[PDB]
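Chemist: These protein sequence lines map, in sequence, to chains F, B, H, D, E, A, G and C. In terms of the deposited numbering, the first sequence is residues 20 to 102. In terms of the deposited numbering, the second sequence is residues 20 to 102. In terms of the deposited numbering, the third sequence is residues 27 to 122. In terms of the deposited numbering, the fourth sequence is residues 27 to 121. In terms of the deposited numbering, the fifth sequence is residues 38 to 134. In terms of the deposited numbering, the sixth sequence is residues 38 to 135. In terms of the deposited numbering, the seventh sequence is residues 16 to 118. In terms of the deposited numbering, the eighth sequence is residues 14 to 118. Note that the Cβ used here is the ideal one computed from N, Cα and C, for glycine as well.
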Amino acid sequence: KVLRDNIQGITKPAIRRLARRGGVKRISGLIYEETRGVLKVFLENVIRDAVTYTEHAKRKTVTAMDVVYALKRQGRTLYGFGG
Amino acid sequence: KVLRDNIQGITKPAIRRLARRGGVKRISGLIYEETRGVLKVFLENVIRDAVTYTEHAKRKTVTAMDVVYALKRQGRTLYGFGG
Amino acid sequence: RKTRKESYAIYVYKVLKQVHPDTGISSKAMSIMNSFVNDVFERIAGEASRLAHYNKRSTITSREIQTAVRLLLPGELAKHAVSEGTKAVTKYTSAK
Amino acid sequence: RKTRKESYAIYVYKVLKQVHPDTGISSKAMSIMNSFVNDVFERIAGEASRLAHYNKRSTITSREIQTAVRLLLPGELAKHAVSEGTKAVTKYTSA
Amino acid sequence: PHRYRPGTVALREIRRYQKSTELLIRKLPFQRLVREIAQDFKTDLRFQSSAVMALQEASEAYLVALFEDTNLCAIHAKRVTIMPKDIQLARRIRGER
Amino acid sequence: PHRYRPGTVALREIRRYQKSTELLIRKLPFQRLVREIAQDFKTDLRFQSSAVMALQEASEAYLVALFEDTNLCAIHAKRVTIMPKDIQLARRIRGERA
Amino acid sequence: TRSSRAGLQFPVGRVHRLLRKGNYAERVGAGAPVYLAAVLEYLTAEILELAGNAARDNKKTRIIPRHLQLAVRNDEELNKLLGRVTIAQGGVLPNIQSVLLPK
Amino acid sequence: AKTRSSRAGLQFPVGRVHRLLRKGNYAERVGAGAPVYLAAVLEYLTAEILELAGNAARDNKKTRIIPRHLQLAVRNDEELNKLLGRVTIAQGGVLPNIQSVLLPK
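1) Indicate whether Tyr118 of chain H and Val49 of chain G have their beta-carbon atoms separated by less than 8 Å.
2) Under 8 Å between C-beta atoms, does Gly102 of chain B make it to chain A?
3) Should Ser33 of chain D be flagged as near chain C, meaning a C-beta pair shorter than 8 Å?
4) Please report the distance separating the alpha-carbon of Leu62 of chain B from that of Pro43 of chain A.
5) I'd like the list of long-range same chain contacts for residue 17 of chain H, defined as Cβ closer than 7 Å, with 5 residues on each side in sequence excluded.
6) Establish whether the CB of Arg35 of chain B and some CB of chain G are separated by less than 8 Å.
7) In three-state DSSP terms, what is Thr93 of chain D?
8) When the cut-off is 8 Å and only beta carbons count, does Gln104 of chain G lie next to chain A?
9) With a floor of 4 residues, list each alpha helix (DSSP H) that falls wholly inside the segment 24-77 of chain F, ordered by position along the chain.
10) Is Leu42 of chain H close to chain G? Criterion is C-beta to C-beta, closer than 8 Å.
11) Would you mind sorting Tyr54 of chain E into buried or exposed? The rule is 16 or more other CB atoms within 10 Å of its CB.
12) Label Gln44 of chain D either buried or exposed according to how many other C-beta atoms from any shown protein chain fall within 10 Å of its C-beta, with 16 as the threshold for buried.
13) DSSP on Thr45 of chain A, reduced to helix/strand/coil?
14) Going along chain J in order, which residues have a C-beta closer than 8 Å to the C-beta of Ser52 of chain H?
15) Hey, could you find the ends of the alpha helix (DSSP H) residue 167 of chain H is sitting in?
16) How would you write the range of the beta strand (DSSP E) that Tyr98 of chain B sits in, first residue to last?
17) Could you check whether the Cβ of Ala114 of chain E sits closer than 8 Å to any Cβ belonging to chain F?
18) Could you tell me the alpha carbon to alpha carbon distance between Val81 of chain F and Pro117 of chain C, rounded to whole angstroms?
19) Can you tell me whether DSSP reads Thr118 of chain A as helix, strand or coil?
20) Counting only beta-carbon separations shorter than 8 Å, does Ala40 of chain C have a partner in chain G?
21) Mind checking which residues open and close the alpha helix (DSSP H) that includes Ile70 of chain H?
22) Is there a C-beta anywhere in chain B that falls below 8 Å from the one on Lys79 of chain A?
23) Please confirm if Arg49 of chain E has its CB atom under 8 Å from at least one CB of chain A.
24) How many Å lie between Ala103 of chain G and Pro121 of chain A at the Cα?
25) Under 8 Å between the Cβ atoms of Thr73 of chain F and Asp85 of chain F?
26) What residues match up with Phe84 of chain E in a beta bridge as DSSP calls it?
27) Report buried or exposed for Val30 of chain C, applying the criterion of at least 16 other Cβ atoms within 10 angstroms of its Cβ.
28) In angstroms with no decimal places, state the Cα-to-Cα distance between residue 122 of chain D and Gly50 of chain H.
29) Between the segment 62-73 of chain A and the segment 110-128 of chain E, are three or more C-beta pairs nearer than 8 Å?
30) Along chain G, in chain order, which residues have C-beta atoms closer than 9 Å to that of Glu94 of chain A?
31) Report the neighbours of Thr29 of chain D on chain C: residues whose CB is nearer than 7 Å to its CB, in chain order.
32) Report the CB separation of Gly48 of chain F from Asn108 of chain E in whole angstroms; it is logged as a contact under 8 Å.
33) Mind checking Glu73 of chain D: buried by the 16 CB within 10 Å criterion, or exposed?
34) Quick check: the segment 50-68 of chain C against the segment 90-104 of chain C, are at least 3 beta-carbon pairs closer than 8 Å?
35) Please work out which residues of its chain come closer than 7 Å, Cβ to Cβ, to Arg35 of chain F, disregarding the five sequence neighbours upstream and downstream, and give them in chain order.
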């Protein structure tokens, strides 16, 4: 079956709060769907690598270490979850 | 003694040719000195690392390999010189 | 006298002949191919190295090279790469 | 009785007690500190490994760590790390 | 009764969210998006809860810093309003595309 | 006489220099700049000719790409002319500038 | 030779040597050099394929570095693999931005 | 002095660092000075960051370094900011920075 209709759980006020922490004052109406596409591409690229690592460890559970290793793979190193 | 007056050897028509290959149609007058400073910082960062490599090899001649290793260090990998 | 430097030049030629029998290559272009192979070698090997360490293993086996190839290469490029890899491994062990 | 998970925690608490003897540190903060130490460890070790390989040496000596630190750290931080490392080697060698 | 001028609550919200460190996406929507994207890669996958926290910490950090670059692109075009084209300029320059 | 409208030879030169691959900085000025910058790191140093060639290939590739990004920033500001602020925005985003 | 047994043009012996002399791990399995040498050969052929094509489009019999560059930067996936790489003497792709064109 | 840390005057474990350098496939052989130098550099950077983050903590009226103090610390120091320029510090937030043109006139 095809999975869909979840990206919209990243809501307009949530994207707005992220923009605020980024210092953004005024937000065009088209930004929200654009930010959803951006975040999906990001999550796709990282989860793909995380799963590749998980697969190789012969596991069925994605570990924080799999993600940490994947973030590091993409040049997006993350502190506070291991490694 | 203090060394100076060589960066201006990177001339206006040379910066212009570079901009053209970059697809730039019109060039402000203040761009030329700005490009001199940018190119200085770039060469600084790269030559510094290159020299650190020469030093460690206990040499007096900077090799193309030292430069290649430094470019690579800086995330600017270069093919065709001993990669 | 004379000094020996190894390169993949002869193998790049051999492969060039497979894909384009009627075309050749300059020295400069040859040096790029050489850089390219070394670079990609280092990149897969490094990833395979890390995979082994992450899993607390002393050995880099084809399976590490295979995963390395899938973290490294993009999509279609990986799919084909995994094929040629698995293929050559099969042919090799069945010629022991 | 859960698996032994090594940490730099004890050292980090030491340094922190030398430098701020009344200051504490949370779980997450210490996790970040631990990731910092591992990260910089890997970066220096890696650059040393490359230096050795580049010079056809089989050995990673304090001289490789030193050059690794000079390529890796920015200016002043390098200066200080180099002197604090040479100081440790000099001692170690005599005692 | 009382009404603040447009930009006043926005600026108040900037100062507020730059003071704190808590995640800004609601935890359950995010988790469901993580499981869906991963499902489309491999079925029947479990997640450590910390693996989802790690994906959310990184994801929100990425978007915060991207909104920073986006904001500069907007200002560069003498604008105050961020637009999809500012995000796209940012990502192009970053070499994400 | 004869005069092309401003921008015509700019486009001719774009087409021309995106067609070729030869270096665009004169070799000896660049070389003297390299030696000058290196002296401030270690005195009495020799350079392989290929080392200077590598530095020039790399530097020029860097500047060409940077001018691409700069051009995109200028166009972003509805402009046709690149300005130091476009470079500074480019480098800021690239993470070179702070 | 191990190349023939694997059916490769690329040297399985040399790759196994380099993997050991390279401090990647204590031990290197027997399949590892074969797989790696095959991946290396595959990517080689992918780039030579596309750059002989460039060469022919440009009316040449011999691949120069511009042909490798044309090859890599017109291919999405190669372009991405080499995205932080600089191909000596390869130039750029012809691309003028639209608004710069006369109307 | 039995420990190699003591012999070096370090708080960081030279032994464990020597272990990790061997079990890490960095080179065939690891010299005796390498772990000492490295453990000492690690100690220096550690102290550098704790210094600035205990300071942040105190500015904030707190006895405990939480990760935001580490982030304030790292991102206000130019050189720490650069060493960790591709790093993300869980739960650390951002620096307060509103752009000028956004300020009311």
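Modeler: Per the coordinate set shown:
1) One-based indexing of the third sequence puts residue 118 of chain H at position 92. One-based indexing of the seventh sequence puts residue 49 of chain G at position 34. Cβ atoms of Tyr118 of chain H and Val49 of chain G: closer than 8 Å.
2) For the purposes of this step, residue 102 of chain B is identified with residue 83 of the second sequence, where counting begins at 1. No, because no Cβ of chain A sits closer than 8 Å to the Cβ of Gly102 of chain B.
3) As a working mapping, residue 33 of chain D is identified with position 7 in the fourth sequence. Taking Cβ atoms only, chain C never reaches closer than 8 Å to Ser33 of chain D, which makes this a no.
4) Sequence index remark: in the second sequence, residue 62 of chain B carries index 43 (1-based). Sequence index remark: in the sixth sequence, residue 43 of chain A carries index 6 (1-based). Going by the C-alpha atoms only, they are around 34 Å apart.
5) The question about residue 17 of chain H has no answer, for chain H in this structure spans 27 to 122.
6) As a first step, residue 35 of chain B is located in the second sequence; it is residue number 16 there, counting from the start. For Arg35 of chain B, the answer is no, since every Cβ of chain G falls outside 8 Å of its Cβ.
7) Counting from one through the fourth sequence, the residue named residue 93 of chain D turns up at place 67. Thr93 of chain D carries a helical assignment under DSSP once its states are collapsed to helix, strand and coil.
8) Taking the seventh sequence and counting its residues from 1, the one referred to as residue 104 of chain G is at position 89. Chain A, which has a Cβ nearer than 8 Å to the Cβ of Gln104 of chain G, makes this yes.
9) 31-40, 50-75
10) Taking the first residue of the third sequence as 1, we reach residue 42 of chain H at position 16. Output row for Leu42 of chain H: interface = yes.
11) Here residue 54 of chain E is taken as the residue at index 17 of the fifth sequence, counted from 1. It is buried - the Cβ of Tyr54 of chain E has at least 16 other Cβ atoms within 10 Å.
12) Within the fourth sequence, numbered from 1, the residue matching residue 44 of chain D stands at position 18. Classification for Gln44 of chain D: exposed.
13) Along the sixth sequence, one-based indexing puts residue 45 of chain A at 8. The answer is helix: DSSP assigns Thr45 of chain A an H, G or I state.
14) Reference to chain J is not applicable here, since the protein chains of this structure are F, B, H, D, E, A, G and C.
15) The first residue shown for chain H is 27 and the last is 122, placing residue 167 of chain H beyond what the model contains.
16) As a working mapping, residue 98 of chain B is identified with position 79 in the second sequence. Element bounds for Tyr98 of chain B: 96-98.
17) Here residue 114 of chain E refers to the residue found at position 77 of the fifth sequence. Chain F contact via Cβ: absent.
18) In the first sequence, the residue the question calls residue 81 of chain F occupies position 62. In the eighth sequence, the residue the question calls residue 117 of chain C occupies position 104. One C-alpha to the other measures close to 48 Å.
19) Looking up residue 118 of chain A in the sixth sequence gives position 81. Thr118 of chain A: strand per DSSP, three-state reduction.
20) If you number the eighth sequence from 1, residue 40 of chain C lands on position 27. At least one chain G Cβ lies under 8 Å of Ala40 of chain C.
21) Here residue 70 of chain H refers to the residue found at position 44 of the third sequence. The continuous alpha helix (DSSP H) containing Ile70 of chain H extends over residues 53-80.
22) Position 42 of the sixth sequence holds residue 79 of chain A. Chain B contact via Cβ: present.
23) Position 12 of the fifth sequence, counting from 1, holds the residue named residue 49 of chain E. No - not a single Cβ of chain A is within 8 Å of the one on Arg49 of chain E.
24) Position 88 of the seventh sequence, counted from the first residue, corresponds to residue 103 of chain G. Position 84 of the sixth sequence, counted from the first residue, corresponds to residue 121 of chain A. Spanning the two alpha carbons is a distance of roughly 28 Å.
25) For the purposes of this step, residue 73 of chain F is identified with residue 54 of the first sequence, where counting begins at 1. For the purposes of this step, residue 85 of chain F is identified with residue 66 of the first sequence, where counting begins at 1. Against a cut-off of 8 Å, the Cβ pair of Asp85 of chain F and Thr73 of chain F comes out as a contact.
26) Residue numbering aside, residue 84 of chain E sits at position 47 when the fifth sequence is read from its first letter. Answer is F:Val81.
27) Stepping through the eighth sequence from its first residue, residue 30 of chain C is reached at position 17. Its Cβ being crowded by 16 or more others within 10 Å, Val30 of chain C is buried.
28) There is no way to answer for residue 122 of chain D, as the model of chain D reaches only from 27 to 121.
29) no
30) By one-based count along the sixth sequence, residue 94 of chain A stands at place 57. Proximity of chain G to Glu94 of chain A at the Cβ level (cut-off 9 Å) is accounted for by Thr101, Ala103, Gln104, in chain order.
31) As a first step, residue 29 of chain D must be located in the fourth sequence, where it is residue number 3. Per Cβ cutoff of 7 Å: no residues; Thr29 of chain D is ~17 Å from chain C at best.
32) Here residue 48 of chain F is taken as the residue at index 29 of the first sequence, counted from 1. Here residue 108 of chain E is taken as the residue at index 71 of the fifth sequence, counted from 1. That belief does not hold up - the Cβ atoms of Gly48 of chain F and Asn108 of chain E are roughly 17 Å apart, past 8 Å.
33) Taking the first residue of the fourth sequence as 1, we reach residue 73 of chain D at position 47. It is buried - the Cβ of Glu73 of chain D has at least 16 other Cβ atoms within 10 Å.
34) yes
35) Locating residue 35 of chain F in the first sequence gives position 16, where the first residue counts as 1. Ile46, listed in sequence order.
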